[PDB]
There are 2 protein chains.
Amino acid sequence: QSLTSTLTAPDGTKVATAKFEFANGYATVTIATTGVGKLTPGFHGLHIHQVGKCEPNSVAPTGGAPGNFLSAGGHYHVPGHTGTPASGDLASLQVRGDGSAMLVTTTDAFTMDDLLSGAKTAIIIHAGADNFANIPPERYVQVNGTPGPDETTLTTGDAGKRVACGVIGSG
Amino acid sequence: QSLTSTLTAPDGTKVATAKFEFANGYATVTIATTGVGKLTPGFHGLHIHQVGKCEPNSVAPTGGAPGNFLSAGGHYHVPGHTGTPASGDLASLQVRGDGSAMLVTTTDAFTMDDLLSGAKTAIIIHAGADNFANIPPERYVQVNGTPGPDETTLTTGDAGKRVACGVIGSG
Ligand SMILES: [Cu+2]
Ligand SMILES: [Cu+2]
């Protein structure tokens with residue numbers, strides 16, 4: 001009834017582990033650091049991405065300059081589901097002053113079969129906080145003049161670089 | 001070693017309960033709904049506010065039109081601490097399709113004595129998602145032209161109205 005992952009940093013060292021427990025039609029997701037000093041204090045975006053690969057200095061499926069864990073692709077969507085929040089979006093990881101963290105959250109947005117389908121999936125911790133695409137259109141505009149969030153914000157939450165990654169399965 | 005709270009809706013019905021467990025120099029915060037159908041599906045801002053009052057149609061300490069749980073004041077800051085994230089900021093509450101939710105998160109930003117000091121504190125669930133004041137200044141401006149987040153965003157995360165509130169103590 002469970003999937004797991006061990007998340008590593010770009011240099012290959014272990015950062016955290018995750019459990020995905022499926023029961024009663026939903027997932028209970030637990031993630032916690034395995035030591036100290038490996039994440040910056042504060043809030044970090046946490047999402048499931050659409051390809052089960054955790055390769056430092058890699059290229060995204062549709063192209064771009066290489067970067068950490070980019071071959072994991074974009075946010076995970078259950079087939080036939082578009083828009084925000086993506087199926088793979090999770091509550092943020094709150095990191096204490098010593099770099100340690102623990103989160104439990106729940107979601108009915110995906111199943112075990114979903115995560116094991118196809119190219120599999122990866123859980124990613126971002127460098128920055130997730131804005132959940134909440135950019136008040138009455139008070140903020142894009143630099144082109146359009147009110148509210150742009151496509152990049154809608155699909156990423158502007159959480160920045162990928163600082164830890166684990167493939168979801170049995171690891 | 002623990003504080004608790006029972007959170008109610010503006011009509012007085014029970015929505016969720018919370019536990020604040022203090023050990024090893026940090027707080028482990030658990031919050032979960034007590035039934036179904038009482039919060040909207042999706043992500044909800046979750047913060048500790050600076051006054052231990054949960055009054056529907058109330059006025060903020062420094063004034064304004066009445067609104068739900070406004071007498072709880074603004075975000076909680078440990079005395080001598082300013083800026084964002086506020087001491088009272090927590091990971092967001094992720095609500096499933098049926099309105100149910102569970103969150104565990106941790107923080108070293110406050111102690112038991114902090115929460116029991118003075119006018120006490122309240123835990124609040126917001127209607128909207130928290131943006132964590134992440135409004136990319138390279139791509140977004142305030143309508144006055146200044147790049148990045150305004151003071152309101154910095155101090156609230158733009159999470160909107162207060163939909164449930166509990167005073168933190170023994171309740
Ligand atoms: Cu992500
Ligand atoms: Cu709040």
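Each residue's number is its place along the chain shown, starting with 1.
Looking at the header, which is where the method is noted, we find X-ray crystallography, 1.6 Å.
Even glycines carry a Cβ here, placed using N, Cα and C.
Non-local contacts of A:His47 (Cu cation binding site) by the CB criterion (under 8 A, 6+ apart in sequence, same chain) comprise A:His75, A:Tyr76, A:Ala86, A:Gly88, A:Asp89, A:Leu90, A:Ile123, A:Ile124, A:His126, A:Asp130, A:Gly157, A:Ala159. What Swiss-Prot lists as Cu cation binding site is A:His47, A:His49, A:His75, A:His126, and the listing cites similarity to another entry.
Packing around A:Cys54 (disulfide bond) is summarised by its Cβ count: 26 other Cβ atoms lie within 10 angstroms of its Cβ, all protein chains included. Look at Swiss-Prot and you will find A:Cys54-A:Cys165 tagged as disulfide bond.
With a cut-off of under 6 Å between the Cβ and any atom of ligand 1, the recorded positions A:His47, A:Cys54, A:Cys165 reduce to A:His47. Between A:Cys165 (disulfide bond) and A:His49 (Cu cation binding site), the C-alpha separation comes to 10 Å. Each of the binding-site residues A:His49, A:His75, A:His126 was scored by the other Cβ atoms within 10 Å of its Cβ; the lowest score goes to A:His75. Summary of the Cu cation site environment: with the site residues A:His47, A:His49, A:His75, A:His126 set aside, the chain residues having Cβ atoms within 8 Å of the Cβ mean position are A:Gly45, A:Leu46, A:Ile48, A:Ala72, A:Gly74, A:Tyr76, A:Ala86, A:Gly88, A:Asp89, A:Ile124, A:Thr156, A:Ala159, A:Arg162.
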